[PDB]
Amino acid sequence: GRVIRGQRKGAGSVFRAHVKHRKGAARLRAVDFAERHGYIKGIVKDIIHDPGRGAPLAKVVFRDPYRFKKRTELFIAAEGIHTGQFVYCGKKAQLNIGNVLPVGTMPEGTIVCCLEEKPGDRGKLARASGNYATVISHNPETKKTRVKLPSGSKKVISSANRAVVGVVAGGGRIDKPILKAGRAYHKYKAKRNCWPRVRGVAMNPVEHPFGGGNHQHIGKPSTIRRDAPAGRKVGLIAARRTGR
RNA sequence: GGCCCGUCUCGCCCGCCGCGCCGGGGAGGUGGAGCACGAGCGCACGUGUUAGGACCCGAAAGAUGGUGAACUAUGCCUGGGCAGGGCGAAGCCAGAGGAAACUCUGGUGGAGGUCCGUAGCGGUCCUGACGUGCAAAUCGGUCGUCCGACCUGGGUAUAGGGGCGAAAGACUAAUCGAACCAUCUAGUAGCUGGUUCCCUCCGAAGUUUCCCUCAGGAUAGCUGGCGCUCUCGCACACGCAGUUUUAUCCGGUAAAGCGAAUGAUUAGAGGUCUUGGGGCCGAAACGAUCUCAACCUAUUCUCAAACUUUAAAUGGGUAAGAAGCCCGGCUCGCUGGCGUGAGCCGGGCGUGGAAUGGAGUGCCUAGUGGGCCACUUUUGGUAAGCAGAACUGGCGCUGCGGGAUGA
RNA sequence: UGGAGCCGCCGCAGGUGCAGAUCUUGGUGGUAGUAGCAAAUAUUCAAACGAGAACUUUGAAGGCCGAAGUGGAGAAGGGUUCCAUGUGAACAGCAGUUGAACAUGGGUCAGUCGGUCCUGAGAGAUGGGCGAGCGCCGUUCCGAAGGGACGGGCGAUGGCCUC
RNA sequence: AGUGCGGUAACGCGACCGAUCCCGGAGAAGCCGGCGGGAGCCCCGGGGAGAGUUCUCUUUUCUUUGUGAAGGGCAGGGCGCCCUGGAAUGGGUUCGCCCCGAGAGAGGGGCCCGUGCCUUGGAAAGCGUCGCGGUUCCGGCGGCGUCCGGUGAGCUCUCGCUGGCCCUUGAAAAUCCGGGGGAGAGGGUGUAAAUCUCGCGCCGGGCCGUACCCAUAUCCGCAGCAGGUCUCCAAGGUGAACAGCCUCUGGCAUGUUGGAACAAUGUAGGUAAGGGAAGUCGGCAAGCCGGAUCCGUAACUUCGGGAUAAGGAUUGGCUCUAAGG
RNA sequence: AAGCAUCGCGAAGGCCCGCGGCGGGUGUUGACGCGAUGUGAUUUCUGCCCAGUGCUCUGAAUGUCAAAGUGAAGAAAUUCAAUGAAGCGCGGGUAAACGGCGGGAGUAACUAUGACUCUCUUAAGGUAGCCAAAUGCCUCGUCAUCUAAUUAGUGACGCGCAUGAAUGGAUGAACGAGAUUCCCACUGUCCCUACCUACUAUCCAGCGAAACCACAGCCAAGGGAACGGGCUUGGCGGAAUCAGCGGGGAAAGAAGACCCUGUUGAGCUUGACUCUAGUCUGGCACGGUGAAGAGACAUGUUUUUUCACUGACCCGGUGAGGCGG
RNA sequence: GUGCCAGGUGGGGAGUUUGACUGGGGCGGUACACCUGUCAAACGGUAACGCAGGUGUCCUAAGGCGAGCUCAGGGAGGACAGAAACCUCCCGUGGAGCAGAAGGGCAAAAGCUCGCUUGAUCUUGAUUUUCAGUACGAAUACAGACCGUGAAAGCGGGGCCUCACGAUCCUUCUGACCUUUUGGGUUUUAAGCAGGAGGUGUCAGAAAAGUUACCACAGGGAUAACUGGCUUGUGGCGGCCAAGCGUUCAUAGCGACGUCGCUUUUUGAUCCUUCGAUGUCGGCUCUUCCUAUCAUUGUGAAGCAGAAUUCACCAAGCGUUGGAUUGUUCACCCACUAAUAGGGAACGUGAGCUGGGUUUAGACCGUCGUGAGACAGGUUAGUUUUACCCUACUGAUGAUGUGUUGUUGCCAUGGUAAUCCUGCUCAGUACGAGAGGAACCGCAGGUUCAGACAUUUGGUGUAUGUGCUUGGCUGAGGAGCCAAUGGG
Ligand SMILES: [Mg+2]
Ligand SMILES: [Mg+2]
Ligand SMILES: [Mg+2]
Ligand SMILES: [Mg+2]
Ligand SMILES: [Mg+2]
Ligand SMILES: [Mg+2]
Ligand SMILES: [Mg+2]
Ligand SMILES: [Mg+2]
Ligand SMILES: [Mg+2]
Ligand SMILES: [Mg+2]
Ligand SMILES: [Mg+2]
Ligand SMILES: [Mg+2]
Ligand SMILES: [Mg+2]
Ligand SMILES: [Mg+2]
Ligand SMILES: [Mg+2]
Ligand SMILES: [Mg+2]
Ligand SMILES: [Mg+2]
Ligand SMILES: [Mg+2]
Ligand SMILES: [Mg+2]
Ligand SMILES: [Mg+2]
Ligand SMILES: [Mg+2]
Ligand SMILES: [Mg+2]
Ligand SMILES: [Mg+2]
Ligand SMILES: [Mg+2]
Ligand SMILES: [Mg+2]
Ligand SMILES: [Mg+2]
Ligand SMILES: [Mg+2]
Ligand SMILES: [Mg+2]
Ligand SMILES: [Mg+2]
Ligand SMILES: [Mg+2]
Ligand SMILES: [Mg+2]
Ligand SMILES: [Mg+2]
Ligand SMILES: [Mg+2]
Ligand SMILES: [Mg+2]
Ligand SMILES: [Mg+2]
Ligand SMILES: [Mg+2]
Ligand SMILES: [Mg+2]
Ligand SMILES: [Mg+2]
Ligand SMILES: [Mg+2]
Ligand SMILES: [Mg+2]
Ligand SMILES: [Mg+2]
Ligand SMILES: [Mg+2]
Ligand SMILES: [Mg+2]
Ligand SMILES: [Mg+2]
Ligand SMILES: [Mg+2]
Ligand SMILES: [Mg+2]
Ligand SMILES: [Mg+2]
Ligand SMILES: [Mg+2]
Ligand SMILES: [Mg+2]
Ligand SMILES: [Mg+2]
Ligand SMILES: [Mg+2]
Ligand SMILES: [Mg+2]
Ligand SMILES: [Mg+2]
Ligand SMILES: [Mg+2]
Ligand SMILES: [Mg+2]
Ligand SMILES: [Mg+2]
Ligand SMILES: [Mg+2]
Ligand SMILES: [Mg+2]
Ligand SMILES: [Mg+2]
Ligand SMILES: [Mg+2]
Ligand SMILES: [Mg+2]
Ligand SMILES: [Mg+2]
Ligand SMILES: [Mg+2]
Ligand SMILES: [Mg+2]
Ligand SMILES: [Mg+2]
Ligand SMILES: [Mg+2]
Ligand SMILES: [Mg+2]
Ligand SMILES: [Mg+2]
Ligand SMILES: [Mg+2]
Ligand SMILES: [Mg+2]
Ligand SMILES: [Mg+2]
Ligand SMILES: [Mg+2]
Ligand SMILES: [Mg+2]
Ligand SMILES: [Mg+2]
Ligand SMILES: [Mg+2]
Ligand SMILES: [Mg+2]
């Protein structure tokens, strides 16, 4: 048969991301002497909307402590961050909203977001539109910390890394329905070509493993194993349960 | 008969540089493509069987390497475009009714994947026109939509078992259930079509057996050619038959029979064989009357491809002599009271019933392996110009006279 | 008729005889002077040129496209098709004195109009990696990736070595 | 002493030192609605020049009736620009909004666009008329005019203000400019260093394409093919309309031919007494209604609609009245 | 398509591309995200079943279990025995996974049926709803109604060959170039046809092909290879043509597509036969250093469990900008 | 994590297969390897998806000897005991049994019961059976040994005879003081020779699941779906006899139990033509033909009194309707009518029409299948090509002879055409108990058809004849024009 969709998505070139009008990479400020020992101050110039993202970004300008130059950064502004606000960053930073500081120095129970997974990767976790990670417990020896991710998972992350304080601005975005194929088209047009999703039962049996037959039925069990090959692994990928 | 090699059986004898798990020999079975005082080699010609393009033309295919996103499918970048009207969302103003609570009314306002509708986009219906057209998909009326999932130019990206698809296996340059170009490739085909001068002579088969065999091959059969071995209407013939006769056997078919067996089956008559049921005279009785289920005795009617005592006609084998008789004698390890039986020698006797034939034998070897019809017999079927058999003859392969025409 | 080679016999050899193959090439008939030259209302009179006028030209009349045009200019594409003169052999499915046909010529002038410059979607080199290999992957990734300039110091020629 | 001066200020004047460095802006931003300013075109009342009718009328019908880029001045828009002053009895104000003690009305100013008018260009040229020079060749010669105004939700273009929508936020770089600093330079009392050049003066700007068609005949469809192909401009009338119809500017000969008759069957339009779908698989085709104004509008419903539901009346011309600046 | 509901994934990850690599898309991404599904707005509801096929969880409590390694015999090739990973078996979960939802017996004061109870193959046996449906062979089921007449339409009944609950059931406003039935007006659809117009067709001036063609062409019967233009017997036949016409030429158009055969293919599916990419697991090498601990042989050898270090190797950031005492 | 092995998963992907016979193919069966009786026509041989059947086993004895008896059944008897329990006598040609299906064969056996046994052992050939005179399987006499049994003759190397079974290659076991193991010697191992086994049931022997309506190719009328051809079981129709129905009375009208025929208007049966194509159903239109006559004309018979209605003859001349439903062929219903008879012409008729439902490709539902998919199950939307050729026909010029022309005509031949009904009088009469209820000739007219014609009426209408008007244009009036014929 043909190569199925999803299997065709790996090559790209029609399925790549629409990264034309996006305003850059939303990354934390990298670690240095000021991040490690003290704190350096920056100003929030403006807040911008990034295409394909439900969260607004914030242009934050710092002064470079080694060369005379105003360094700008792309943070994700917490809900409540206004322009003209002094965002501090480092180890000695005070605990308030929009003030990135390490998890080993913050008290536990702190609602944080834009969390680093490994120390130094400029912010990876819990930073979509309204999500937040919580700090459960610390550990003085070996510098480890327990962090609850917004999926309910509970992860051992080292205490050396940092996160901005608060929730991601733009919460409640999924509470409103789309109401239109047009609004869903405009939503995914800024992201990537993935929205018109033909069900594989309605397809011919040569471009999908569920197509064919005089009636639109699946025919085989839709729950497939993890050890399934490419072009076959279609349906419910290694389902533990499947019902309501 | 004899000999060589392999294998099997029964037994003994001979020789040594090394006396042995040595080597050789006898007789009798049996297998070999052997010997038995050679016949091959080399070249050329004809035919047949093959491998090769293989008599010629022909596929649906498969693989390898490249070319296309000028059409179309989708994503991105940059530009362009979309009259005039209808309904009147939020917000806002004013008035009226009442107590706030509030409720109506008149405006303003211009939202909608809203409505009519132009340009644009597309193509429902007339299944209209045309249908060797204007056109390898157009035209007219009627149409759907026309501010958002809209239309469109240029640039660009995705390339063939790949792409792309609001998903029709649709599109991918008039080519898509796997594009196009070139090569392997003159791919293969038990399958269709065709196969080129004359005359003479001979001349078929659709059948046996086997094959994943049923449109085909192989093998026998039918056929042609090349020959050989012999005989002679030159005073002087051994053998052979789709033939008959003379003797000798075989049958179990037609017919006939079942007063004979097996199976079916009709009706009277005479006998308590022997019980029993509906029964009638009787408490009952083989005491009188008959009945049928199975009883007997002689009779009587109709049968049988898978019954038969009998039993034809047509048929099938044999013998009609010299390869036959009559004698005398050797051999035997078979059998053996002497004897048998078989094999070798030597000698003596020729028209072996009718008519007709000149016979025997060895190589190659094409085509065929779809048949059909008719007298008689016969299976299945209501029957068939139906299907399937037996002998024989025809058509096929064959004209000619007749049946008006015509296998 | 033709104008330059050819045949009989003995032998050898072959790309050696056509009526077919929806055979291959070329040519020609019936059909047949037939189908047809019928989508978007329409032409008419007089004169000039000529051998020749329904189609050329001029004048007049009547019409059509009706400013989302049958108008005036560009892009892609075509490449001389643009213009003048002459011809009417072939083409303009009738004709033509006409044409985008033929034959001679001629015509496109830029600091300001565009390309040229930049970058977008993207393409594509060096390093690096992969691959038997033509090469392929990738555009910051396993890079010593700058060839520039101010102020000062040394040295040197050129121009009236002062500058 | 002297790298300028003026204003309360927004800022202005013809220049008005300045580096490596840093910061910022322009480049550089969606779609739609509404309003306002300006232009081009259209309309009306006239005045001039030339053409048409004038069998009757018509101070009449048609054409024309202007000024480039580049500087200066002034109208006209916009201001989220500044000063005085502090407002409820709330005010100003738009089509709608909206604004105001974080400073509204009322005064006084300032900046930007000024494509509009005048002005240099510039009336010499262009146009419309009348009359001539020259046999011809001849880019001519002269007499006049190119004027005064107003309206409009008019069509198109441009600029500005404001609002709506987005689970859409609507591009980069080349290049140019401004600011913060003060490394550094200047001459020492008539000169200089400087002039992100204030005015003038001098030289140069190389290479490539430039014609025509652009579409019922110059392109692609085998062709002068009823097909396909991206755009700019858009007159008058009727009319809601850039719908349809007629006309002006411009264009053409009816689309690979004409003549004579009007047979059948065709193709495309129509019309039919009486019946109204009885025809046919099937109201297929055809036919009825249709614009606007005034009434009126059911069931159901997601309370938005249905809905132009269904169903009635009117529509011409002429002469007036009243209202709308 | 929005709405609804699932599944996987916390980055040495999920899905996927790639001959290849510290390769690449999602990713300028981070559970309100990405990838794979089913159903298809609103309301309401989504019953029972894990026996089967799938998917998934742990388990030295373990049947099967390859290679490498361990021990025993021999002169060795070789053989034997124990150990024996993942996966299959065993045990839970899972139906908005694929799917399935039948029979038998007893039982109610008329009969009938079964509210109730037990069992089967195999796990429950069709729940709420709905229907002669687009779904019902019988069938044109039965009744009511629409008609003069209805195999059509609508409303009810359920005995439903063979309806049924996200393989979604039911209802439902608006919408539909979707499919059916009736009614009002309307009309040549028809009774039943008629006439007019334009372009053709007709003739003419000029120009002018193409399909097709064994020979060509009047019929009745007979026979034939079983429907003759030709043969036989009859009927008979007479030059050259024009406009129509559709009866014939089993007219043309294309080596029937239907059905069959071929030891001919191709697209697809899987519980067909062989394989294979990917993926999971085990062994050897890259692969080092220390700590305690358990087991086996035996009076040093092997299987090893976890932790600690970086020095190989991997990941992240930077303009490798302050790392350890 | 990489490199290399090992194990699981694997239609994500690749290659390939999906037997044969067959009154077309699938389904159903094996007629695919064998055996008996018949077919089978008196040697043998002989076919069909001809008939009845049977087989892929079973037997340590059911094999091999020797001995003794007779079996099944019947009659007669005997306590329980009867029809069948056990004992005895007689008859008893096999009418029982021999493992099975059938046939043949058999009486001191080939059966039953005993006693002993393993000839059911090893090794060469020859022959028969299907046959090509090749195998395999089975069998037939023998030959050499070793044996069993019996007193011996002899019998026996499997089953009383006809079936009970299997190549190459590979593997396994057994046997020889067997050969080789490639320089020589030993040993393990391996290869050889022969015999047996592990099996090819499609049985002379590939290793093998489906679907295609998205399909393709080479062919076939060797082979179907249509029509045509033979037959007529079936469908329809007509006779022969005559027990009865009919108040008596077989035959006015019918007619059982039986039997003889016609038709291709129905379905069957066959495969003879066509698969280098003969357009596959209905309906619309239109023409001709048959009679097996519904009505009309002329008649005969009735259980014909009249009316009405049945049977039968000559007879196809003229008629056989409008609709609701269904695609319908059929069917049923409403109404009219004299009557609403049955059929054929390639199941008349697609270069005549339509495309309604079969019968492409898109879809939805139900059943089946894991699936792709299938369903004379239901629904929906689905391009209907060409005549200008020859003939036939409809019309039109014409043509040959009459010396040429014109007028007037005749005529062979060919076509043919009229049909049916209502009202009045007869007549409320004939007839009849009554109810009811005719017929002939006349009179007035209608239905269908045919041939004409436009006085009237209706339609058409571009005399573009004449008014009325919408928009635009010629300066206005007048006169007009365009708007594919502006409209009325
Ligand atoms: Mg589909
Ligand atoms: Mg698949
Ligand atoms: Mg199913
Ligand atoms: Mg060849
Ligand atoms: Mg050859
Ligand atoms: Mg070939
Ligand atoms: Mg292949
Ligand atoms: Mg269509
Ligand atoms: Mg059509
Ligand atoms: Mg035509
Ligand atoms: Mg399909
Ligand atoms: Mg001869
Ligand atoms: Mg064959
Ligand atoms: Mg016999
Ligand atoms: Mg007999
Ligand atoms: Mg043959
Ligand atoms: Mg036959
Ligand atoms: Mg030669
Ligand atoms: Mg020739
Ligand atoms: Mg003509
Ligand atoms: Mg034309
Ligand atoms: Mg032009
Ligand atoms: Mg020219
Ligand atoms: Mg010409
Ligand atoms: Mg103010
Ligand atoms: Mg130009
Ligand atoms: Mg133009
Ligand atoms: Mg017009
Ligand atoms: Mg015309
Ligand atoms: Mg003309
Ligand atoms: Mg033209
Ligand atoms: Mg009428
Ligand atoms: Mg009807
Ligand atoms: Mg209609
Ligand atoms: Mg309504
Ligand atoms: Mg689901
Ligand atoms: Mg459920
Ligand atoms: Mg389960
Ligand atoms: Mg229920
Ligand atoms: Mg109806
Ligand atoms: Mg109903
Ligand atoms: Mg169900
Ligand atoms: Mg269902
Ligand atoms: Mg013929
Ligand atoms: Mg015809
Ligand atoms: Mg064929
Ligand atoms: Mg074909
Ligand atoms: Mg075969
Ligand atoms: Mg092959
Ligand atoms: Mg293929
Ligand atoms: Mg398998
Ligand atoms: Mg496969
Ligand atoms: Mg294949
Ligand atoms: Mg077959
Ligand atoms: Mg015989
Ligand atoms: Mg005995
Ligand atoms: Mg012996
Ligand atoms: Mg015996
Ligand atoms: Mg299908
Ligand atoms: Mg089918
Ligand atoms: Mg045949
Ligand atoms: Mg037939
Ligand atoms: Mg009959
Ligand atoms: Mg009687
Ligand atoms: Mg044909
Ligand atoms: Mg035909
Ligand atoms: Mg008669
Ligand atoms: Mg009808
Ligand atoms: Mg027919
Ligand atoms: Mg026809
Ligand atoms: Mg047709
Ligand atoms: Mg149809
Ligand atoms: Mg279909
Ligand atoms: Mg003609
Ligand atoms: Mg006559
Ligand atoms: Mg007038």
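Within segment A:29-44, being touching a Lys or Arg at 6+ places or on another chain (Cβ under 6 Å) and surrounded by 15 or more Cβ atoms within 10 Å (Cβ to Cβ) holds for one residue alone: A:39.
Out of the residues in segment A:187-208 that are out of contact with any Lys or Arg (no Cβ under 6 Å at 6 or more places or on another chain) and farther than 30 Å from residue A:50 by Cβ, state the one that is nearest to RNA strand D (Cβ to nearest atom).
The first filter runs over segment A:187-208 and keeps only residues out of contact with any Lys or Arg (no Cβ under 6 Å at 6 or more places or on another chain), leaving A:187-205, A:208.
When the remaining residues are screened for being farther than 30 Å from residue A:50 by Cβ, the result is A:199-205, A:208.
Values: A:199: 22, A:200: 25, A:201: 26, A:202: 25, A:203: 27, A:204: 32, A:205: 34, A:208: 28 Å.
The extreme case among them is A:199.
When residue A:230 is tested against (1) more than 6 Å from RNA strand E (Cβ to nearest atom); (2) surrounded by 10 or more Cβ atoms within 10 Å (Cβ to Cβ), only condition (1) is not met.
Among the candidates A:91, A:155, single out the residue that is surrounded by 15 or more Cβ atoms within 10 Å (Cβ to Cβ), under 22 Å from the mean Cα position of the chain (by Cα) and more than 27 Å from residue A:22 (Cβ to Cβ).
On the way: A:91 fails: under 22 Å from the mean Cα position of the chain (by Cα).
Answer to the selection: A:155.
Applying the criterion of being in a loop (DSSP other than H, G, I, E, B), small (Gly, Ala, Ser) and within 16 Å of RNA strand F (Cβ to nearest atom) to the residues of segment A:1-34, the residue that is farthest from residue A:162 (Cα to Cα) is A:1.
Quick check: is even one residue across segment A:166-181 buried (at least 17 other Cβ atoms within 10 Å of the Cβ) and in a strand (DSSP E or B)?
Looking through segment A:166-181, at least one residue is buried (at least 17 other Cβ atoms within 10 Å of the Cβ) and in a strand (DSSP E or B).
Of the residues making up segment A:98-127, those that are crowded, with 16+ Cβ neighbours inside 10 Å, on the phi < 0 side of the Ramachandran plot and hydrophobic (A, V, I, L, M, F, W, C) are A:100, A:101, A:103, A:106, A:112, A:113, A:115, A:125. For segment A:103-127, residues that are β-branched (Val, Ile, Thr) and either part of a loop (DSSP other than H, G, I, E, B) or free of Cβ contacts under 8 Å to residues at least 40 places away in the same chain (or both) total 3.
Let me confirm something: among A:208, A:217, which residue is away from ligand 3 (no atom under 16 Å from the Cβ), surrounded by 10 or more Cβ atoms within 10 Å (Cβ to Cβ) and in a loop (DSSP other than H, G, I, E, B)? Before you say what the answer is, go through the steps one by one.
Numbers: A:217 fails: away from ligand 3 (no atom under 16 Å from the Cβ).
Among A:208, A:217, only A:208 is away from ligand 3 (no atom under 16 Å from the Cβ), surrounded by 10 or more Cβ atoms within 10 Å (Cβ to Cβ) and in a loop (DSSP other than H, G, I, E, B).
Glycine also receives a Cβ, built like all others from the backbone with ideal geometry; neighbour counts cover every protein chain displayed. Readers should treat all values here as calculations from the given coordinates under stated rules, not as data from a laboratory.
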